[PDB]
């Protein structure tokens, strides 16, 4: 964690120019990562949603939680990334691929906020890993990720760009559940 520059902080809140977006390498996401979904399911994220619903007079607790329930849903409990390989862990079963970088795509949301998807492709015919994956983590140039959202599929990169409601979400495996909540409480 270098401190964020001025550009980097605005970019994290979805305000950036296209010309400042730069390519990134898979190693920005090296590490071992826990899905946050079990934390939602156990009620451990509720203080996140309590705070959010309190601050937002247009949304109820149930509106906030449901939106994140839909967003975080996945049975990939863990992801490991190392030496250009991403490993996916579902109930006792592991798949992995040496992913190739395919560039990024800039998306503009209805709010007018912006974000960048970083696209990779698995070209390994033996692999059972998703053929396409996209990383989104409020960062628009090389920098070690502190948490990320990942889109996974076997159909097309465009199909994943169209996705807006499910975005399995990963924080460092080493963080306690309390620390995830505190991170969520802020950023």
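Numbering follows the first chain given and starts at 1. The term rigid core refers to the maximal set of C-alpha atoms that superpose within 1.5 Å between the two forms.
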Review point. Taking C-alpha RMS after core alignment, which stretch differs more from the shown form in 6 other deposited structures of this protein: 148 to 156, or 54 to 62?
Key: 54 to 62
Exercise for review: State which stretch is farther from the displayed form on average in 6 other deposited structures of this protein, 81 to 89 or 105 to 113, counting RMS CA distance after fitting on the rigid core.
Suggested key: 105 to 113
Practice item. Name the higher of the two by mean Cα B-factor in the PDB entry, 75 to 83 versus 105 to 113. Key: 105 to 113
Practice item. Averaging only over Cα atoms, indicate whether 49 to 57 or 120 to 128 has the higher B-factor in the PDB entry. Key: 120 to 128
Review point. Of the options 35, 134, 27, 158, which has the highest CA B factor as deposited?
Key: 158
Check your understanding: Sorting the chain's CA B-factors, does residue 153 end up in the lowest, middle or highest third?
Key -> highest
**Study point:** residue 22, C-alpha B-factor rank within chain (lowest, middle or highest third)
**Key:** lowest
Practice item. Sort the modelled residues of this chain by their C-alpha B factor and say whether residue 169 lands in the lowest, middle or highest third. Key: lowest
